[PDB]
Amino acid sequence: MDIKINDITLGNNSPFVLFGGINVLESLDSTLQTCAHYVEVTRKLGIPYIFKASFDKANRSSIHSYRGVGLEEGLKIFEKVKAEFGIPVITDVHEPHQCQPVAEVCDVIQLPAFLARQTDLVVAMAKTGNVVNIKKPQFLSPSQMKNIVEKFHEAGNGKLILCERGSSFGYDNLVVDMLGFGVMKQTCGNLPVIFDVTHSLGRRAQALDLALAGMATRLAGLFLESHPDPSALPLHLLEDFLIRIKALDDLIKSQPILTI
Amino acid sequence: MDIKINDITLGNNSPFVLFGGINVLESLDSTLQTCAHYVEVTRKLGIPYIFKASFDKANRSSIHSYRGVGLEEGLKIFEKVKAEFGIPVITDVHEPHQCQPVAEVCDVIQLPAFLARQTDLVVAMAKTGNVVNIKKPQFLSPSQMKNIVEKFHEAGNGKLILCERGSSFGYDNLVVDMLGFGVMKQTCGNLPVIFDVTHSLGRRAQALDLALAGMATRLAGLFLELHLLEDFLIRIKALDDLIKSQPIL
Amino acid sequence: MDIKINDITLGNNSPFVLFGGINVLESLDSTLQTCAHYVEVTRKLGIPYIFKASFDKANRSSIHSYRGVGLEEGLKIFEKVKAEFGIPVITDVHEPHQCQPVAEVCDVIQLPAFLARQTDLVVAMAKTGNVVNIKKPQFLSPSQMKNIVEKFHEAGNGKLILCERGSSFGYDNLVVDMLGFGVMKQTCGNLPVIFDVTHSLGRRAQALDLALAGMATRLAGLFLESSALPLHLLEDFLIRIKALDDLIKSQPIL
Amino acid sequence: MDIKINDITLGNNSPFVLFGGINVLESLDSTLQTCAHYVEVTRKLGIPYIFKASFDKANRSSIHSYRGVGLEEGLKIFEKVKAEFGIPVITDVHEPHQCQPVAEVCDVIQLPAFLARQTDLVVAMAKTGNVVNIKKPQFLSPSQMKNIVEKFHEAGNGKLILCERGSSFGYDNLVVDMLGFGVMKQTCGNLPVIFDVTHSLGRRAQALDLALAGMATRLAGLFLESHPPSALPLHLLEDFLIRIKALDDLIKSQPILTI
Ligand SMILES: [Cl-]
Ligand SMILES: [Cl-]
Ligand SMILES: [Cl-]
Ligand SMILES: [Cl-]
Ligand SMILES: [Cl-]
Ligand SMILES: [Cl-]
Ligand SMILES: [Cl-]
Ligand code: NA
């Protein structure tokens, strides 16, 4: 099942969409400069692009490290991004009351992994009618995603994207099960599946190999963070990186699926 | 480090404290029936007791499934449990705004495991000054608990309990690392550590073996949800009394 | 099901048996010296004791680490240990052809974890008729142990001990599932289950807590690869294990 | 580091090599039939090829279960494969004494995953001087592989292939950590790393997606079994390999990018 996001077609058999951006919105000018670089590189390579940032990063290393600009100023900045670049945007919500104001501005609203079973939030998100990105908790299996999906459907919203971010593998370590992509496709009605490579690892050097492995399984999109300069990609390496992802994606998508 | 909760002393070298009650509050009458039963059994066995219940089911099977009595009704029921029996109570909080009102009534406020790293909730809970029970996320190592403890300390609250509830072990399964109790005691200043045997399990046949194994490591309390409770606690008390009767090697 | 090992009764409802000694046999004199210490401490506490050592260790940390005195001298040392102390002994075997001669002297023969599925060794071990200690691989679930038990039963030997050593938990880390003990008892006909506490340890400092946790689940024995427990803390350690085991074993199963 | 296996160059920046065959040797006629299919398909696809089979299944669930033709019959069958097709072959060895006899005939000898820590088998295999395939145990980390490599090096053999086959994930389940390939290359001197997709899997349907994911990380080879649950149906080999070759060719055509 495909989802239309303005003029973008998101689907497991369409050219991959980059959900790309930064961790926390904490500025106007710098946000715009980083977005500008994403837009320039993705336009150059012809890759559909959705800008990502959180306005409230609620799980930070220290309690007084900056949470971000917050909802009201964050939405102002997202409005500027859309008016300048003409692209869709994505951001996460944390409480039901945020869902309406965020959804009026942002094309995709995201359910944080740690809140993915919070029924009140799921219902409030569903009722916006907005496209939703569901972050898969590291402690949840791929077959258990249908249960979150069912809840969204019961509440009247089937415009859902499932986002892989790795699975707990012993202490303080994540593994990405490449077989989980297929399980999610087969058990949740072939909804768009995307891959958060940034939150799947702890080391920067391995991002390309891990991203290519995931995209080899035939996915709707790649979800990453960069920094203007730990796992975030150096922004200057974006073009070299995306050249490789596009190469593989273009190959994989050009062939029809082979049933075993 | 010991924590005083009314007349109860909670600490890793004190007689274990039982935390128990219901999953979700359904009514005042059934709440008082269950709590009276725990009080009766724990009293005759001589085990300190803190009544546990949540006023809200945050995760529910259907979007239309029953959701508990909610904050206002829930706090009313707790107020009366405290009146009737004169025991401390414990409940979980999910939103920062809930903390101060819930903290007025409930002696211990609990940080859900799913929300353990949510900075806003940590600060709001700390600010109440109440005793706090920190559920260890299944995806978090014992040595990383010190970072959550550090946050509560920066926010000015050191009346902290650490609560084991198992660790992710492949898909859809939990294992309890019995070595994690000692690592938490060693790295988090010997704060009270308790064991949620119920949410560590899958099936109930194994609750006794698991509870005994955990309490053999020398813990402040046990957290759970024929007279099976009685039979169970007789055995836990025997082991706890033995373990705590020996000097720490 | 209980297993008689000379004058010892080994079983999940009997006083726990200690299995311990040295890693590899080198000399009669040094073996007797270490064994004598275990015997004295265990006799002082009234704990049954089976002396353990390898005569030919096949899974050494380095290729040129000493393998042990070998089969011939190793069995002579075992004979002397049995004659001097009047206790049973246990050793590992990794070659089918070794099983018969080793079983002539050693009361319990042990199947290394890494050979646990090797049919030829299982068959040769079973055919000795001796008591066998099955070391559970860290990658094998407790419900899969019944298949190993089945292969021994097919080969005509039911005198089996199941030895827990922890399970793989991500990378370079082991966890002991305390629920696995009960699963092995229920699925494997209540064969004696013993706990190799040393294998999964991060640090020697944690041995006591981990040993006590496992023994709380009601087990036939405790197995030491003694990180290693310092032999001078052995008495104080065993005082605590016996305290717990005596308490648990004295109460009838629920 | 590359490894020459007769005319084949095996290495992490070379065209992938297929290590392909069957579970166990059952008879000569069946073995030649299957091998002939592998050879015909790989030759026309231009994929280097090494035939795989075990001569003994040492760990079956029943002591009565069928175990294969055995060592003596097995080696004879391997000789006929090498004569008929002129390709290298690979088989596993479970006991030290079998190593030199097996290595006379079999170009690559394989250390079984279960026996990784069997020090006498390591030494016996190393002494043969043959190319060695090390099956990565499900219970060993990619950074623990250096320890086995070290032993082989101490024993005087550096022609080692590292073969991923998944990692233990809870009970009775495997997960392949796609980051482990990189860790092995970086910590074990860039020895050839290959991927056993077959023993990594519980379910047949997923073999192509998993194989593609692994090969996307830039590998020396793919290791797989066919049948005429997890083994690939033999008739699908050509279509399967068309896809694997397409990806490998793409990945290998772009320079390595550091991050
Ligand atoms: Cl995110
Ligand atoms: Cl998560
Ligand atoms: Cl959790
Ligand atoms: Cl093992
Ligand atoms: Cl041993
Ligand atoms: Cl194989
Ligand atoms: Cl393995
Ligand atoms: Na919108």
Side-chain angles (χ1 to χ4, degrees), chain C residues 24 54 56-70 94-95 112 114-115, chain D residues 1-14 17 19 50 52 54-55 58 71 75 78 82 88-137 140-165 183-194 196 219-221 223:
Chain C
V24 319
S54 306
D56 172 19
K57 202 184 204 308
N59 61 336
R60 350 184 246 286
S61 53
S62 302
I63 62 188
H64 299 294
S65 300
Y66 187 54
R67 62 182 317 124
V69 301
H94 63 276
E95 311 175 0
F114 71 95
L115 301 180
Chain D
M1 192 200 86
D2 296 350
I3 299 181
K4 286 297 308 314
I5 301 172
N6 296 341
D7 296 338
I8 296 170
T9 303
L10 180 69
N12 296 330
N13 207 26
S14 299
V17 172
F19 296 72
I50 296 170
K52 184 261 157 183
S54 312
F55 62 80
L71 187 138
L75 286 194
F78 278 120
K82 291 165 65 58
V89 302
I90 185 175
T91 203
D92 55 334
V93 293
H94 282 264
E95 268 159 1
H97 82 265
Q98 297 179 333
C99 287
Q100 199 37 83
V102 172
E104 295 276 62
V105 174
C106 297
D107 307 77
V108 184
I109 53 162
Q110 174 165 302
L111 185 58
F114 288 172
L115 309 186
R117 267 126 171 217
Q118 219 273 50
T119 306
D120 304 310
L121 191 52
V122 167
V123 172
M125 288 188 65
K127 288 269 177 206
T128 70
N130 284 48
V131 174
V132 172
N133 192 32
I134 302 167
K135 283 290 199 94
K136 184 164 144 290
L140 270 67
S141 69
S143 59
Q144 272 172 309
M145 283 287 285
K146 79 184 168 58
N147 299 327
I148 303 169
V149 172
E150 190 180 289
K151 289 175 171 101
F152 274 98
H153 281 149
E154 175 65 23
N157 196 331
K159 302 187 294 321
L160 315 177
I161 315 165
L162 314 189
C163 185
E164 171 68 41
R165 56 80 39 116
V183 172
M184 290 190 282
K185 292 177 191 172
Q186 292 209 320
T187 62
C188 300
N190 197 33
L191 287 163
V193 172
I194 70 171
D196 181 350
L219 303 182
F223 181 113

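For the numbers below, each heavy atom of this structure counts, side chains included, while hydrogens, waters and symmetry mates do not. Sequence lines set the chain letters: A, B, ... in the order given, protein chains first and strands last, and positions in each chain run from 1.
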State which residue, out of D:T91, D:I194, D:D196, fulfils the side chain to side chain contact (heavy atoms under 4.5 Å, CB included) condition with D:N133.
-> D:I194

Check whether any side-chain heavy atom of D:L111 lies under 4.5 Å from a side-chain heavy atom of D:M125, and answer yes or no.
-> yes

Is a donor on one side and an acceptor on the other found under 3.5 Å between the side chain of D:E150 and the backbone of D:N147?
-> no

Less than 3.5 Å apart, which donor and acceptor atoms pair up between the side chains of residues 92-105 of chain D and the rest of the protein, not counting sequence neighbours?
residue, atom, partner, partner atom, Å
D:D92, OD1, D:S54, OG, 3.1
D:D92, OD2, D:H94, NE2, 3.2

Report yes if the side chains of D:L10 and D:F19 come closer than 4.5 Å at any heavy-atom pair, otherwise no.
-> yes

Is D:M145 close to D:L162 at the side-chain level, that is, under 4.5 Å between some pair of heavy atoms?
-> yes

Please collect all ring pair (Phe, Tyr, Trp, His ring centres under 6.0 Å) contacts where either partner lies in residues 117-137 of chain D, sequence neighbours excluded, each pair once.
-> none

Separation between CZ of D:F55 and SG of D:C106, rounded to the nearest 0.5 Å = 7.5 Å

So, C:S62 side chain and C:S65 main chain: donor-acceptor pair closer than 3.5 Å or not?
-> no

Where the side chain of D:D107 meets the backbone of D:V131, is there a donor-acceptor pair that is under 3.5 Å apart?
-> no

Output yes when a side-chain donor or acceptor of D:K135 lies under 3.5 Å from a complementary backbone atom of D:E164, and no otherwise.
-> no

Do the non-hydrogen side-chain atoms of D:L115 and C:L115 ever get within less than 4.5 Å of each other?
-> yes

Drop me the distance from D:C163's SG to D:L219's CG, to the nearest 0.5 angstrom.
-> 10.0 Å

Is D:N6 reaching over with its side chain to a backbone N or O of D:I8, donor-acceptor style, under 3.5 angstrom?
-> no

D:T187 (side chain) donor-acceptor with D:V183 (main chain) under 3.5 angstrom | yes

Is the shortest side-chain N to carboxylate O distance from C:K57 to D:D120 below 4.0 Å?
-> no

Output for pair (D:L140 CG, D:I134 CD1), nearest 0.5 Å, gives 11.0 Å

Minimum side-chain heavy-atom gap D:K4-D:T9 below 4.5 Å = yes

Do D:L191 and D:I161 have side-chain heavy atoms sitting under 4.5 Å apart?
-> no

